[PDB]
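What follows is the residue order along each chain.
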Amino acid sequence: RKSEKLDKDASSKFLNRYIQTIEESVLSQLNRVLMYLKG
Amino acid sequence: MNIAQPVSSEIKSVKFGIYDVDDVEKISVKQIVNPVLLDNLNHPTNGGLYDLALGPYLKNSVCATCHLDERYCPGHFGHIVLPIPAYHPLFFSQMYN
Amino acid sequence: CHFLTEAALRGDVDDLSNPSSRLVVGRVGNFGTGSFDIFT
Amino acid sequence: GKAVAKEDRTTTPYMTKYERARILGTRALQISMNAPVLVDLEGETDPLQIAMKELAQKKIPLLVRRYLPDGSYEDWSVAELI
Amino acid sequence: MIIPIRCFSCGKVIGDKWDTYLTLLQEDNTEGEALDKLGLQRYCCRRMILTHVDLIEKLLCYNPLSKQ
Amino acid sequence: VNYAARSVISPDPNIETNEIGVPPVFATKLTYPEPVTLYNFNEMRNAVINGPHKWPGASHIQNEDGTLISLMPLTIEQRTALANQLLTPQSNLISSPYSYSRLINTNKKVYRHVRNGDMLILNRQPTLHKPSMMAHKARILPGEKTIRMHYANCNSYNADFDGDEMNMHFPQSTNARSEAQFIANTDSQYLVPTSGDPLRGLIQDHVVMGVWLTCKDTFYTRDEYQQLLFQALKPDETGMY
Amino acid sequence: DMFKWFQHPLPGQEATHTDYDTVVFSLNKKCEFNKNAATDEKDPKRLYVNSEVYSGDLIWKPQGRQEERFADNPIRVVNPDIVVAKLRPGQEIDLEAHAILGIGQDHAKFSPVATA
Amino acid sequence: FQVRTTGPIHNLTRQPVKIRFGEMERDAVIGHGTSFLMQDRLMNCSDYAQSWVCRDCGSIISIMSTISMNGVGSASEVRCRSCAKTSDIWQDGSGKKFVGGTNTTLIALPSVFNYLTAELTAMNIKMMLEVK
Amino acid sequence: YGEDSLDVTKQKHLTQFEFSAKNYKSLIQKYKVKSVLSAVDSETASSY
Amino acid sequence: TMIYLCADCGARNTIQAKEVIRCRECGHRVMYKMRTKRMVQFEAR
Amino acid sequence: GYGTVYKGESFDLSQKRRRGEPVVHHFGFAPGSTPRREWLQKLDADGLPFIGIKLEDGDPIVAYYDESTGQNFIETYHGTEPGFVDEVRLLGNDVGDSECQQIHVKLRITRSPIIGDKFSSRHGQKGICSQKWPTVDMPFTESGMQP
Amino acid sequence: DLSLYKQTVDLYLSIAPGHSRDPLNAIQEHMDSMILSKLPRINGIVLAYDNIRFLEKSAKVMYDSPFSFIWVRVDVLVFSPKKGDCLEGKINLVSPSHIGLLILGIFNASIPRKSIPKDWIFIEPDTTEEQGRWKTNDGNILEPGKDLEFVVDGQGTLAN
Ligand SMILES: [Zn+2]
Ligand SMILES: [Zn+2]
Ligand SMILES: [Zn+2]
Ligand SMILES: [Zn+2]
């Protein structure tokens, strides 16, 4: 149990990576948070 | 005894030790002050010796403390106070010596 | 009562050695098949 | 504490009279709880004896740990024990 | 609901003959007498696949377990 | 404790030195849990078919979540339906309770009666030394209402077979029953711990007629020899041969 | 003719089956939504898979010696083509059928001849 | 002749009410060196129970299931009173707000031991059993 | 322990030199020499 | 708990006794009970 | 002609909350004891019956218990013919923030053509199902289909 | 702000016996359960997890449960809105008793009128009674201002 520092771009790239690794509704709201963060 | 249980702990060591007055305050949930046990209503008097915050009574009562029936409430202790303090009768000889 | 109060004063810690103290805490004893552990 | 290195192992290379017992116990448990069997069945139904057929060929996972009273312990694969 | 197999009057089973007769009016340009190609010599087991209402294809569009 | 009967004993020479013959009553009133796999599926299903009032029927069901469906009130129709669906994913969620999904991998636990391969503990009060409490194989006998075992166990339990009853225990899990089956099985208690002297073995009648028969003055035609050899063997009740 | 009559079970009725009396079939279908659909064509035969529970989906389940006694003549529904019910994404039907010998004047389904 | 698969449990200690196994039999099973059998017959078949403990304070009674956090939501995550003092905080059956006492685990142990802890707390003497 | 060899159970025939030497062929396979001799040391202690 | 069906959204809700009743994903306030597997037997008449 | 009746009843707990107390009853069983001889066979666990289970007259339909008393009450099937249950409905009592105080059971009753029921062509020519003659004792055309 | 958090935690996972061939299987099996479900150990909601590696201990099996246990290291993506500082959301429902906002298109916010400064006023339309504009004190209208920035108390606050 421990924490580390992070910023938003690595969070976005990691979320992308996470959509990539694991392959429903979970992934749907993930798509939602994705199109929310970007642009 | 169920094979599907995931119990992950391990009791590693038991250690004894007396508890002070302060810790009894933190754990206890209630205090009994009324020597009355039951009312004409046949019901546990609040703050009384059958306090439903001490635990769920039978006849399908829910604990006032844990808000669950008697199947799942592990019972929650209470405390009764006295500004006397008299010595502890087990350590009596050791205390006096 | 006696051993009880005596252990209460000092507060000596057994880990748990005899399979009897093992037994009062429900865990298996340290003897027999219960001495060793099996893995994956 | 420490884990004893595989190179230096003083515990008896023999399958103790107790070790076989506990091993077969858990192997029956796994198999009974829908675990993969690494030996062909011969029509066998008791989930437990099946583990006997498994041990008889020593085709079995679930290495064992032998704890020295000091605090060290050995890790013996079932295929490595006698 | 569904086309009632084993017609009342006749003893002929007809439940098979529904989509096979539907795609006769549908694309064969022949009128209802395409059932004559089906082999319903009588009128009894004949008047079923003729004037049967297949309401269930409209009832089935009512799954509350449509997940949508 | 639970799952432990208590009955009067009478010996029997037919059964085994290992197995204990049990009346069907206990086989009904003593049941233990069992996960169901694909290959043991037919056995368990059959036991569930037989029902809770006919050996080797099954007691009742426990769901993977942990609940416990009984089997006395049902009819054999409902039994049949429950049995056919005794092995299937019935949990109506990947983890019905919360986000702790190990329940997808559990099985339906069938509580089944005891049968001819079961290991059930025997004991006697007072139990002085470890051969005074051992593990026996189960064989279910029909008819009698009294637990039967072989003489050769008389000596180890030292019981006089006058009425002195016994405690009859049954391990729940698989590891405990395997352990009783291998370490403390009656067959593994032949040399007492005090000295190496074996205590289990034959008694007055066996030693007597053994003396008589063994004497060189004896003779047998083919009929007697075959009948006697088979009579002792009876491999089928044991198998393996 | 290869069968023996069913003794209708009077009270005390449960255990009145055998393998020389009756036969059992089964079916179980859950219409899954088919994902290979291009667009909206409410056929729905191609929009969904197993939307129609036919008669060809009542599989005979042998009962012991039956499997052998009819190994020369495997028993089936004589019309494997009838549509029995219709299904859609999500729902399911699961059951098994018990068939015996019966005489027409008891039930019409027992009358074998379509028209005499 | 008395069979008992199960039945009534005691008022106080949840024991099958008044077959005897132990205190000489224990010598027997441990003579065979058959631990799992012992823990099976005397702990499992007799009184098996799950109870929480405060991992830090090491007490077994200062535990309590949290109360009325939100709707049915997630589980009522038990907490400790002795180790205590928006999501973290919670309330009491009487309404006393609190916080902390999070480090809580679930352990198997015979309920008769729980009774012992009860009547020993009745003496102000209590053990602080830790866990790993 | 207690002259380690073992409690009475498997030390009853240690004294029975003759009966061991009598057959020894059931026994040599019962002990499964081909496996034992693999992983164990023999000559050091036999020499000492 | 009990498992129900949000009428419109069509989403399993897993609600428990003595609880506010509504769809968790869309907010609907009407829900049916799913049909468990329960042995029922019928005659063919 | 296969008659199928839908008799739909609702149950509501507010009516038995006359005054003086808040909402007290809740559908299901008071935690603890529960009659099995009928109830658990019909009522699923929620005090609500199984979906599609056959009922009879003297048969519980739904179960609510009082909070204070902690005792289970029951509702029987007034009707006097075997009826099943096609669906049960948990009515959100209000805008929200309300326990399920209304339930709706839709019972399906089967009415095949029975002796004593009425038929009529579209000319007012009403008739009555008298005997359901055996299909073989019926006359037939030269084609043979029976009337 | 930087309300996003990734934290490599170590857990005591319960490996099923049937997945004894590969632990990663049963690990991800329930790891897909933690996603989007609050990990209370850290008090946040799982958003992502990778680096599924176990401290190799050839997992010790329970004494009587065939499913074993092992420590595994994985990296979570909890989002911690612990009343830190200014965050922002898209308004979805607006009515003069509280305002409903969506943060990150998922999570909800009910800022009541009391945590809102009294100076802002609501307009109750003709087509809709409650679906209307909580026009600010400035008079700026808030629906097309779908984004509202605010501070969190745990639950939101608009009072300054
Ligand atoms: Zn409580
Ligand atoms: Zn016709
Ligand atoms: Zn604490
Ligand atoms: Zn909804």
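Here we summarise the structure given alongside this text. (Residues numbered from 1 in each chain as written, not as in the entry; some residues may be left out. Chains lettered and ligands numbered in written order. Part of a larger assembly, values for the part shown. Heavy atoms only, no water.)

Take the overall build of chain G next. Looking only at helices and strands, chain G has one helix and seven strands in total. Sequence-ordered secondary structure for chain G, helices as α and strands as β, is β-β-β-β-β-α-β-β. Whereas a compact globule of 116 residues would reach a radius of gyration of roughly 13 Å, chain G reaches 18 Å, over 25% beyond that. Expressed along its principal axes, the backbone C-alpha trace of chain G runs to roughly 55 × 35 × 35 Å. Here chain G holds 116 residues, and 24% of them are scored as buried. Considering only contacts in chain G between residues 6 or more positions apart, those separated by 24 or more positions represent 68%. For chain G, the exposed surface amounts to about 8100 Å²; the carbon and sulfur share of it is 54%. Charge separation in chain G, taken as the distance between the mean sites of 14 positive and 18 negative side-chain charges, equals 5 Å. (Helix = DSSP H or I, 4+ residues; strand = E, 2+ residues; numbered from the N terminus. Rg over C-alpha atoms; globule rule 2.2 N^0.38 Å. Buried < 20%, exposed > 50% of the residue type's maximum accessible area, 1.4 Å probe, protein only. Contact = heavy atoms within 4.5 Å. Areas by Shrake-Rupley, 256 points an atom, 1.4 Å probe, with all protein chains shown as cover. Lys, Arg positive; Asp, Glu negative; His and termini not counted. Charge placed at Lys NZ, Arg CZ, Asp CG, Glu CD.)

All names here are of chain L. Overall, the coordinates contain 30 salt bridges over all chains when judged by the stated rule. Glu143 is the partner of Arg133 in a salt bridge, and the nearest nitrogen-oxygen pair spans 2.4 Å. In this pair, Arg133 sits in the loop between β9 (107-112) and β10 (147-152) while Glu143 sits in the loop between β9 and β10, placing the two residues ten residues apart along the sequence. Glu143 shares its class with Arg133; the two are buried. Overall, the relative accessible area of 11% leaves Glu143 in the buried class. (Salt bridge = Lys/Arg side-chain N within 4 Å of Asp/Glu carboxyl O.)

Looking now at the interface of chain J and chain K. With 17 residues of chain J at the interface, the matching set in chain K holds 24 residues. Of the roughly 1800 Å² buried between chain J and chain K on both sides combined, carbon and sulfur atoms contribute 59%. Contact with chain K buries surface across chain J, with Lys18(J), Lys33(J) and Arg38(J) losing the most and accounting together for 33% of the total. The interface formed by chain J and chain K includes one salt bridge. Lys18(J) serves as the salt-bridge partner of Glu67(K), at 3.3 Å between the closest nitrogen and oxygen. For the pair chain J and chain K, the interface holds eight residue pairs in polar contact. With four residues, the top contributor of residues to the side of chain J that touches chain K is strand β2 (residues 30-33) of chain J. (Buried area = accessible area lost by both parts, 1.4 Å probe. Polar contact = N/O pair within 3.5 Å; in protein donor to acceptor, adjacent residues only side chain to side chain.)

What follows is about a positive patch on the surface. A surface patch of positive charge is lined by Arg1(A), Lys12(B), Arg55(H), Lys132(H) and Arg41(L). Relative to the assigned elements, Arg41(L) resides in the loop between β2 (38-39) and β3 (44-45). (Patch = residues over 30% accessible without salt bridge, like charges linked within 9 Å, V, L, I, M, F, W, Y side chains within 5 Å.)

As a further point, take the state of the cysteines. Per the counting criterion, the structure on display carries six disulfides over all chains. One disulfide in the model links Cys10(E) with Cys45(E); its S-S distance is 1.4 Å. Torsion about the S-S bond of the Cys10(E) and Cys45(E) cystine: about -80°, corresponding to left-handed handedness. Of this pair, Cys10(E) sits in the segment before α1 (19-25) while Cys45(E) sits in the loop between α2 (34-38) and α3 (46-51), placing them 35 residues apart in sequence. The same class applies to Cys10(E) and to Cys45(E), which are both buried. The partner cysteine of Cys6(J) in its disulfide is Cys9(J), sulfur to sulfur 1.7 Å. Taking the torsion about the sulfur-sulfur bond, which here is approximately 105°, the covalent link between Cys6(J) and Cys9(J) counts as right-handed. Overall, the relative accessible area of 0% leaves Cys6(J) in the buried class. (Disulfide = S-S within 2.5 Å.)

For the zinc ion (ligand 4), every protein donor is listed as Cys6(J) (SG), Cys9(J) (SG), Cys23(J) (SG), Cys26(J) (SG) and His28(J) (N), and the spread of their distances is 2.1 to 2.7 Å. For the zinc ion (ligand 4), the donor residues sit on a single chain with the sequence spacing C-x2-C-x13-C-x2-C-x1-H. (Donors = N, O, S within 2.8 Å, 3.2 Å for Na, K, Ca; no water.)

Time to look at the interface of chain F and chain H. Every contact between the two is made by 31 residues of chain F and, on the other side, 29 residues of chain H. Overall, the association of chain F and chain H removes approximately 2800 Å² of surface from exposure, summing both partners, and the carbon and sulfur fraction of that is 62%. Joining chain F to chain H, the criterion identifies zero salt bridges. Viewed at the interface, chain H and chain F are joined by eleven residue pairs in polar contact.

Between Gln125(F) and the following residue, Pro126(F), the backbone shows a cis peptide bond with an omega angle of -5°. Position of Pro126(F) among the secondary structure elements: in the loop between β8 (119-123) and β9 (133-140). Following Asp43(G), the chain continues to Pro44(G) via a peptide bond in cis, the omega torsion being -5°. Within the secondary structure layout, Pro44(G) lies in the loop between β2 (32-33) and β3 (48-49). Here the phi dihedral of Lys58(D) falls at roughly 50°; this positive angle occurs in a residue that is not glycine.

The reference angle at a metal is 109.5 degrees if four donors form a tetrahedron and 90 or 180 degrees if six donors form an octahedron. All names here are of chain E. Taken together, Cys7 (SG), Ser9 (OG), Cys10 (N), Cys10 (SG), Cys44 (SG), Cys45 (N) and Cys45 (SG) make up the protein donors of the zinc ion (ligand 2), found 2.2 to 2.7 Å from the metal. Every donor residue of the zinc ion (ligand 2) comes from the same chain, spaced as C-x1-S-C-x33-C-C. Remark: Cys45 occurs in the loop between α2 and α3 and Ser9 occurs in the segment before α1; sequence separation between them is 36 residues.

All right, on to the sheet that holds strand β2 (residues 73-76) of chain D then. Reading across from one edge, β1(C)-β1(D)-β2(D) is the order of the three strands in this open sheet, with antiparallel pairing throughout. Unpaired on one side and paired on the other, β1 (37-38) of chain C together with β2 of chain D mark the two borders of the sheet. Here four bridges tie strand β1 (residues 64-67) of chain D to β2(D), and the two strands are oriented antiparallel to one another. Pairing of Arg65(D) across the sheet is with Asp75(D), part of β2(D). (Pairing = 2+ DSSP bridges.)

Time to look at a negative patch on the surface. A cluster of acidic residues, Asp1(L), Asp85(L), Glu88(L), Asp147(L) and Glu149(L), forms a negative patch on the protein surface. In this structure, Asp147(L) sits in strand β10.

Turning our eyes to something else, we now look at the packing of helix α1 (residues 17-32) of chain D against helix α5 (residues 174-182) of chain F. The N-to-C vectors of α1(D) and α5(F) enclose an angle of 140°; their axes lie 8 Å apart at closest approach. In this view, α1(D) runs oblique relative to α5(F), as classed from their interaxial angle. Judged by the sense of rotation from one axis to the other, the crossing of α1(D) with α5(F) is right-handed. Residues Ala21(D), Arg22(D), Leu24(D), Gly25(D), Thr26(D), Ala28(D) and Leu29(D) of α1(D) form the contact with α5(F), whose own contacting residues are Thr174(F), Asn175(F), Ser178(F), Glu179(F) and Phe182(F). Of the residues assigned to the contact of α1(D) with α5(F), the class counts are five nonpolar, five polar and two charged. (Axes fitted to C-alpha atoms, helices over the stretch in contact; angles between N-to-C directions. Parallel < 35°, antiparallel > 145°, perpendicular 65-115°, else oblique. Left-handed = near helix turned anticlockwise from the far one by under 90°. Nonpolar A, V, L, I, M, F, W, Y, C, P; charged D, E, K, R; others polar.)

The interface with the most contacts, out of 29 pairs of chains in contact, is the one formed by chains F and H. Nothing in chain E touches chain F; the tightest C-alpha to C-alpha distance between them is still 15 Å. Structurally, chain A and chain J remain out of contact, their C-alpha atoms never closer than 11 Å.

This part is about the packing of helix α1 (residues 8-21) of chain A against helix α2 (residues 25-37) of chain A. Residue and element names in this part refer to chain A. Where α1 contacts α2, the two axes come as close as 11 Å, and the packing angle between them is 150°. Classified by the interaxial angle, the pair formed by α1 and α2 is roughly antiparallel. For the pair α1 and α2, the sense of crossing is left-handed. On α2, the residues that touch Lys8, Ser12, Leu15, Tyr18 and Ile19 of α1 are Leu27, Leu30, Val33, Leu34 and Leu37. Classifying every residue of the contact of α1 with α2 by side-chain character gives eight nonpolar, one polar and one charged.

To continue, consider the nonpolar core. Counting 36 residues, the largest nonpolar core has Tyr18(A), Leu47(L), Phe79(L) and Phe107(L) as its most contacted members. Those elements giving two or more residues to this core turn out to be α1 and α2 of chain A together with β1 (7-15), α1 (23-34) and β6 (68-76) of chain L. No fewer than three residues from each of domain 1 (7-76) and domain 2 (85-157) of chain L sit in this core. What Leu47(L) contacts, discounting residues up to four positions off in sequence, is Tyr18(A), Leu30(A), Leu4(L), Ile35(L), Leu77(L), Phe79(L) and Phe107(L). Residues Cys6(J), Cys9(J), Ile15(J) and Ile109(K) belong to the second largest nonpolar core, which totals 30 residues. (Core = buried A, V, L, I, M, F, W, Y, C linked by side-chain atoms within 4.5 Å. Domains from an automatic or database assignment.)

Now for the sheet that holds β10(L). All names here are of chain L. Spatial strand order, β9-β8-β7-β10-β11: five strands in an open sheet with antiparallel pairing. Lying at the two open borders of the sheet, with one neighbouring strand each, are β9 and β11 (156-157). Across five bridges, strand β7 (residues 86-95) lies against strand β8 (residues 98-103) in antiparallel orientation. Residue pairing in the sheet places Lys90 in a bridge with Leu102 of β8.

So, to be careful, I would describe these as geometric facts and stop short of saying anything about function.
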